[PDB]
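An overview of the molecular structure
Residue-level listing of the chains:
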Amino acid sequence: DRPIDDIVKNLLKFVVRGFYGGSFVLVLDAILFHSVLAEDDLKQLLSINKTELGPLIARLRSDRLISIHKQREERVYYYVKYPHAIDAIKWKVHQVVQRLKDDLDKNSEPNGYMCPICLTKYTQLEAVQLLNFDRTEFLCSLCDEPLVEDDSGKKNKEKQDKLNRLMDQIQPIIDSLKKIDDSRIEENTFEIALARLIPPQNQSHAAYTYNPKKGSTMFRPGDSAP
Amino acid sequence: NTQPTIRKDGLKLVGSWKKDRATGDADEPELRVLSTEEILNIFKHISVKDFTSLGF
Amino acid sequence: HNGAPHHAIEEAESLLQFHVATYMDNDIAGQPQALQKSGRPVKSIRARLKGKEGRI
Amino acid sequence: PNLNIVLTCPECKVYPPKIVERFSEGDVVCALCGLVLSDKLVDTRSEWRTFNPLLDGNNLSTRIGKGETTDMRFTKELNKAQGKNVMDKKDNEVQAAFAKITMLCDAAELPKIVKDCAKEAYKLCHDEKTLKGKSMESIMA
Amino acid sequence: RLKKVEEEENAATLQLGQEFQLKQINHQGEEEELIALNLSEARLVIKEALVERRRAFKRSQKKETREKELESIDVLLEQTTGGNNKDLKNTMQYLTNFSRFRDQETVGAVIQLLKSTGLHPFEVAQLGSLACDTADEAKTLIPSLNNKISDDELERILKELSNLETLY
Amino acid sequence: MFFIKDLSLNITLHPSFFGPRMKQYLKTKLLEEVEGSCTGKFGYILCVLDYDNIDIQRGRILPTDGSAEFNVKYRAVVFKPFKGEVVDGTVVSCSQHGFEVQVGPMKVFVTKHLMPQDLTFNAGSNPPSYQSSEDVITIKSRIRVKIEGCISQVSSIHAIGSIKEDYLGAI
Ligand SMILES: [Zn+2]
């Protein structure tokens, strides 16, 4: 197949390896090493429970990664929509970049003032009018208590270092996204993943066949293109 | 696409898209629960002049 | 958030819609009644703002 | 925050002030000076004229059933749905123990005070490794 | 109405205010333009209304010398209002310390030039408020002066504005 | 900054003051509640223009109280704060985290992170001053300050300032 598609597979692999738990790593590595899976065959292959299978599948729904498939031969199947995964990763990295940049921009500014009695946040410009009559302590409107400055102004370099180190870690992912932008975006289907069927077992009761009924006139969400 | 025939039921909504797109008449509707997410998103994809026409 | 077996989650979210609808008003088309203990029904808002000294 | 209102006459200041309440007009007056402090008192008897939470705990008990302007087809669904949240709380076992000590005390014709004190005695511990089961009836006995 | 966001940064580069538009309407039904006033002319024109209301009060009981003025209008303002307007004494001190021309007729001749030139009103009001003499350092200080106006024309009006003003 | 605009303002008056000479009384009234006033919309209001031929012309008696209100349309001089303007204001009070410059109506303050680090700050000064060549807080204390934003709030108006610009700060 496409070497850029192999780069995409290793990219998803490294994303889960370096940024998710080992059960997620094992699940995604199993479904890339093999192809679309019935749940019973995966439970045989890993010898696990559905209680353990649950939160992994739920978080992979939450990150919009695994495309489930449901059809009767009812038999549950799983694959990954490639542009959904690419755009979900793209929105994730863009939100990480913007959120961490704005957090770093706020954290580069000095702290504010903390009131230990009411345990609430305050800023420097809010504390400009919180000076007392003698400019000694920062008076509190409620507690009548002095206000003490936080420890976040030295977390400016910590957020900067976290952003830079995370940027270095995601720099192979940024390069892979650049090579994807060089290449052509391609859309997965359940039948497309069926064309790359890698046989896990020999007694799978769930037949890996896409068999829509005659007069399958439905257009379903997550299953069609504009 | 079609609109599905919508029957009011209890505290939710269902729709049966007849949609008849096979070689025969293909009268085969699927009764799917109208998910408040998809009604919300399709409402989010309406024009402002359509709101003025629809009294919103 | 945890492992949803795709049967309890639908009736649970229906219960969420049911209870927010019942809190909203309890004078709906009478498939439920949906009281809370004791035997007096829970007094919702159309009961709060109806005729005969209902707040208006 | 200290969560505190203290009432003091702004013109006498002799102590925490010797003040009285005129409930017939719902006002408070420093008895020395004769000036009001505040007005529009809230009644403290009319709510008791209007209408076991300590034993049922902070979570609140709710029995559900049927009415007149409802349907049997869904009140039977309600009757089979009333046990769909009894496993979320241990209060189903607390109220099963409460029902069973009610069975026992009214079986021995014991009064309301004896019933509520047995409810208190269960609610006191209700869970220890010293308790450890022990047939579940030994603790109620 | 829909929170009316209208997010505008205020700057000297024709980045105007949200209420201080160029075009309004007036109470007579005629179009009221924006009015901006420089530091020198503001200090000159306030004394007209000051002496007018002072002689107006003197008639009510009947029925340029800034060293005089800083104490004189302090006495007048504490006569009618309270002594809380030490802030106003500071504002008029700013109006009279750093305005570009002390006298009135130099500012008036500048205005008589500007009514014929027809320059941009906010731009030349900012120029009258500021007190500088050479256009290139004025440009490097203010990027609105950098981008809005050519330096050669800015200098050729700056010298015939700066010859009149009393140097400090 | 120092601007002229038509303003219409409504004022009321107690019914015991219904004597023959109340127009001038209303005039006096307009002077003390126009003078010494800072609003969020138009900044500080300095004084009044065009004392003669003022327009009040009619008033309404309140139905429940004998007080009557009167709207007054007038010309006035006001100060309007803005963002990004170099001004040569004066400093009266100073703090260790930064000096408090009094430019007209505001007390514009520069916080500890907005003074340039190449300014040779000395902690041992009374008041603590940030001087390198000539920008010393004095009895004159004329310091070129730029208000890059005047933060109007609930009505204790404060402006923020900076001297992180070439020739800004120094005079
Ligand atoms: Zn008293």
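Residues numbered from 1 in each chain as written, not as in the entry; some residues may be left out. Chains lettered and ligands numbered in written order. Part of a larger assembly, values for the part shown. Heavy atoms only, no water. Residues with missing side-chain atoms left out of burial classes, pairs and counts.

We now examine the overall build of chain B. Secondary structure summary: chain B contains two helices and three strands in total. For chain B, the α and β elements follow one another from N to C terminus as β-β-β-α-α. Against the globule reference of 10 Å for 56 residues, chain B gives a C-alpha radius of gyration of 14 Å, more extended than a compact globule. Its C-alpha atoms give chain B principal-axis dimensions of roughly 40 × 30 × 15 Å. The contacts in chain B between residues at least 6 apart in sequence include a share of 0% that link residues at least 24 apart. (Helix = DSSP H or I, 4+ residues; strand = E, 2+ residues; numbered from the N terminus. Rg over C-alpha atoms; globule rule 2.2 N^0.38 Å. Contact = heavy atoms within 4.5 Å.)

In terms of regular secondary structure, chain A is built from eight helices and two strands. Along its sequence from the N terminus, chain A presents helices and strands in the succession α-α-α-α-β-β-α-α-α-α. Here chain A has a C-alpha radius of gyration of 26 Å; the compact-globule value for 226 residues is 17 Å, and the former is much larger. Principal-axis analysis of the C-alpha atoms gives chain A an extent of 85 × 40 × 40 Å. When the 33 positive and 34 negative side-chain charges of chain A are each reduced to one mean point, those points stand 7 Å apart. (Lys, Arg positive; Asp, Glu negative; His and termini not counted. Charge placed at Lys NZ, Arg CZ, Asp CG, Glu CD.)

What follows deals with the interface of chain C and chain D. Listed per partner, the contact involves seven residues of chain C and nine residues of chain D. Among the residues forming the side of chain C that touches chain D, the class breakdown is two nonpolar, four polar and one charged. (Nonpolar A, V, L, I, M, F, W, Y, C, P; charged D, E, K, R; others polar.)

Let's shift gears to the sheet that holds strand β1 (residues 19-22) of chain D. The strands making up a sheet associate through hydrogen bonds between their backbones, and the pairing can be parallel or antiparallel. Residue and element names in this part refer to chain D. If you walk across this open sheet you meet the three strands as β1-β2-β3, and the pairing is antiparallel. The open sheet is flanked by β1 and β3 (36-38), the only strands paired with a single partner. Strand-to-strand twist across the sheet, computed as the mean angle between neighbouring axes with direction ignored, equals 35°. For β1 and strand β2 (residues 27-30), the ladder comprises four bridges, and the chain directions are antiparallel. The partner of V20 across the bridge, within β2, is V29. (Pairing = 2+ DSSP bridges. Axes fitted to C-alpha atoms, helices over the stretch in contact; angles between N-to-C directions.)

Turning our attention to the packing of aromatic side chains. Across all of its chains, the model carries 17 aromatic pairs over all chains by this definition. A ring pair is formed by A:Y77 and A:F190, whose centres lie 5.4 Å apart and whose planes are at 40°; its orientation type is tilted. Taken together, the positions of A:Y77 in strand β2 (residues 75-79) and A:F190 in helix α8 (residues 190-195) put the pair 113 residues apart, joining distant regions of the chain. Members of the aromatic cluster, connected to one another through ring pairs, are A:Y77, A:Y79, A:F190, A:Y208 and A:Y210. Geometry around A:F219 places B:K19 over its ring, the cationic atom sitting 4.3 Å from the centre. Across the ring face of F:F82, the terminal group of F:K80 is positioned such that the distance to the ring centre comes to 4.2 Å. (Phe/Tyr/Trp six-rings, centres within 6.5 Å; stacked < 30°, edge-to-face > 60°. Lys NZ or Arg CZ within 6 Å of the ring centre and 35° of its normal.)

Another point: helix α5 (residues 112-124) of chain D. All names here are of chain D. Counted at 1.5 Å a residue, the expected span for α5 with its 13 residues is 18 Å, and the 18 Å between its end C-alpha atoms agrees. By the burial criterion, the buried members of α5 are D116, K119 and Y122. Looking down the long axis of α5, one finds its buried residues gathered within 115° of arc, a one-sided arrangement. Turned more than 90 degrees away from the buried face of α5 sit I113 and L124, all of them exposed. Considering only its buried residues, α5 is in contact with α2 (53-56) and α4 (91-107). (Expected span 1.5 Å × (residues − 1). Buried < 20%, exposed > 50% of the residue type's maximum accessible area, 1.4 Å probe, protein only. Arc of directions from axis to C-beta.)

Here the focus is the pairing of strand β10 (residues 158-162) of chain F. Residue and element names in this part refer to chain F. Counting buried positions along β10 yields five of five residues, so the element is predominantly enclosed. Burial of the side chains of β10 extends over both faces: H158, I160 and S162 are buried on one face and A159 and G161 on the other. What sits between the antiparallel neighbours strand β9 (residues 143-151) and β10 is a turn of six residues.

Residue and element names in this part refer to chain D. Together, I5, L7, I19 and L37 make up an exposed nonpolar region whose accessible area comes to about 360 Å². Residue position: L7 is located in the segment before β1. By relative accessible area, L7 is classed as partly exposed at 43%. (Patch = residues over 30% accessible without salt bridge, like charges linked within 9 Å, V, L, I, M, F, W, Y side chains within 5 Å. Areas by Shrake-Rupley, 256 points an atom, 1.4 Å probe, with all protein chains shown as cover. Salt bridge = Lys/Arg side-chain N within 4 Å of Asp/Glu carboxyl O.)

What follows is about the coordination of the zinc ion. Residues and elements named next belong to chain D. Distances from the zinc ion to its protein donors, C9 (SG), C12 (SG), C30 (SG) and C33 (SG), fall at 2.3 Å. What the four donor atoms of the zinc ion show is an angle range of 101 to 125° at the metal, which sorts the shape as tetrahedral. Sequence spacing of the donor residues for the zinc ion, all on one chain, is C-x2-C-x17-C-x2-C. With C12 in the segment before β1 and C33 in the loop between β2 and β3, the pair connects residues that are 21 residues apart, well separated along the chain. (Donors = N, O, S within 2.8 Å, 3.2 Å for Na, K, Ca; no water. Tetrahedral: all angles 85-135°; square planar, octahedral: opposite > 155°, others 65-115°.)

A few words now on the interface of chain E and chain F. The interface is formed by 40 residues belonging to chain E together with 37 residues belonging to chain F. Taking both partners together, chain E and chain F bury about 3,600 Å²; carbon and sulfur atoms supply 65% of that area. When the area that chain E buries against chain F is broken down by residue, the three leading residues are E:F20, E:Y94 and E:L141, summing to 18%. The interface formed by chain E and chain F holds zero salt bridges in total. Where chain E meets chain F, there are three residue pairs in polar contact. Listing elements by their share of the side of chain E that touches chain F, those giving two or more residues are α1 (39-62), α3 (86-97) and α6 (135-141) of chain E. Split into classes, the residues belonging to the side of chain E that touches chain F amount to 21 nonpolar, 13 polar and six charged. (Buried area = accessible area lost by both parts, 1.4 Å probe. Polar contact = N/O pair within 3.5 Å; in protein donor to acceptor, adjacent residues only side chain to side chain.)

The axes of two packed helices give the description: the angle between them and the distance between them. Residues and elements named next belong to chain A. Packing of helix α1 (residues 3-19) against helix α7 (residues 155-182) leaves a shortest axis separation of 10 Å and a crossing angle of 160°. When the axis of α1 is compared with that of α7, the two are roughly antiparallel. Once α1 is placed against α7, the crossing between them reads as left-handed. Mapping the contact onto sequence places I4, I7, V8, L11, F14, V15 and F19 in α1 and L166, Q169, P172, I173, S176, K179 and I180 in α7. Within the contact of α1 with α7, the residues separate by chemical class into 11 nonpolar, two polar and one charged. (Parallel < 35°, antiparallel > 145°, perpendicular 65-115°, else oblique. Left-handed = near helix turned anticlockwise from the far one by under 90°.)

This part covers the domain arrangement of chain A. One can read the domain layout of chain A as domain 1 (3-83), domain 2 (84-108 + 153-185) and domain 3 (109-152). For domain 1 of chain A versus domain 3 of chain A, the separation of C-alpha centres amounts to 51 Å. (Domains from an automatic or database assignment.)

This next bit is on the sheet that holds strand β3 (residues 30-33) of chain B. Residue and element names in this part refer to chain B. Taken in spatial order, the three strands of this open sheet run β1-β2-β3, and their pairing is antiparallel. Lying at the two open borders of the sheet, with one neighbouring strand each, are β1 (5-9) and β3. Direction aside, the axes of adjacent strands within the sheet are offset by 25° on average. The pairing of β1 with strand β2 (residues 12-17) spans five bridges and is antiparallel. Note that in β2 the partner of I6 across the bridge is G15.

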